[PDB]
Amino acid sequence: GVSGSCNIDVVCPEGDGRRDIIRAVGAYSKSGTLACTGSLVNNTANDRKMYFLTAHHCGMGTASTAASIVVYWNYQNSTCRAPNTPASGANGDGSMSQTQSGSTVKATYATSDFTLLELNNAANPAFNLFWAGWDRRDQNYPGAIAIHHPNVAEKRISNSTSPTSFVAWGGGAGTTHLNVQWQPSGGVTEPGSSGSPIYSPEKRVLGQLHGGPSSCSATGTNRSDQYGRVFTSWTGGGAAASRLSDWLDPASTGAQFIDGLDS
């Protein structure tokens, strides 16, 4: 696929130290057409349930649309294309043949923009998936890591080395979203990246992409994006079908954060 040349291939050196969480992320189609990103999350039972977090605005939070999903795992360029060079902006060589179809909706909620799906098929060991940890604490972080499929193309990594802040969707005063400031010549996010995770420096999911003003040509504070927060989604709409808690901490352990689980 094709995306902005400022984006960074996951196989580049920026992916070192993150080779586990890169494997939690997948691209997917809705009703046959490539649409958004989502990723696997661990739960306190550590049982590999196929909980796949994505964005509510992608439209998968209904039985019918959820049933139509096709996930594409390991879809990424085979070689690191130098960022900010025409090679990075060129059609990539990723393979789309490691796939699984079908899911059911566990919860969806418009305010923090999340949808939690459960994929129908258990993890195929050949895919070497990873279920990432999460952190539901009410705080900010000194930086963050995005793993995404911009334009639903080959997987990319974007780094933030600036503190996060709290905003309402659209950037106003509020606490439902995390505002993430991209590096001035670093990777950003693009349409199709929607639903992709943001991780803390410790590699735990903090939210999923809602959208924002970023682009490879954006400058200053416009080179940013907003993620619906796991803290907000945790209590969500007030019932199991609109929040994360029942699914992510089924064992009712009271965990504020957990680490990932490998395949």
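Note that residue numbering begins at 1 and tracks the sequence as displayed.
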*As stated in the PDB record, which stretch has the larger average Cα B-factor, 58 to 66 or 33 to 41?*
58 to 66
*asked:* Mean Cα B factor from the PDB record: higher for 21 to 29, or higher for 249 to 257?
replied: 249 to 257
_Just to confirm, going by the entry's C-alpha B-factors, which of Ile147, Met96, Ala144, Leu116 comes out highest?_
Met96
*Can you tell me which of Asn128, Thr108, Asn77, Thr189 has the highest Cα temperature factor in the record?*
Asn128
*Thinking about Cα B factors across the chain, which third does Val180 belong to?*
middle
*Which third of the chain does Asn46 land in by C-alpha B-factor: lowest, middle or highest?*
highest
*asked:* Per the entry's values, where does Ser103 land by CA temperature factor relative to the rest of its chain, in the lowest, middle or highest third?
replied: lowest
*Classify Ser224 as lowest, middle or highest third according to the C-alpha B-factor given in the PDB entry, relative to its own chain.*
middle
*Which third of the chain does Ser112 land in by C-alpha B-factor: lowest, middle or highest?*
middle
